[PDB]
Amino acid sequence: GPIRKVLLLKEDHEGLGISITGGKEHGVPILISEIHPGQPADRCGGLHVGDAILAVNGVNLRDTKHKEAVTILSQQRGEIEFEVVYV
C-alpha cells in the first residue's frame, strides 16, 4: 500500500500501545503485530496491525534490529510522527 505519515500523541505515563515483531536480524521490517485497545496507537487512529514502521520522528527504522527499534521507539515522547506502510 501507500507510504503514510501518521501522528501519535501520548502522555509520559503511557507506552505507545503497540506490539512489534520482526527486525533486520530476521530479514523483515519492524512490524506492528498488535494495537492495544484504548492506548495511544489505537487512539491516534492511523496505525494498524500489519503496518511496517519505516521511521519514527525522522529516524529510519528500515534496517534496524529488533532491540535497536525498541530503544528508539520507546525514547520518543509527546507528539510522535510515524512513517508506515501496509503490505
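Sequential numbering from 1, following the sequence displayed.
Averaged over CA atoms, B-factors in the entry run higher in 57 to 65 than in the other of 57 to 65 and 41 to 49. When the CA B factors of the chain's modelled residues are split into thirds, the value for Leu8 lands in the lowest one. Among all modelled residues in this chain, the alpha-carbon of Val28 has a temperature factor (C-alpha) in the highest third. Compared with the other modelled residues of the chain, the Cα B-factor recorded for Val87 ranks in the highest third.
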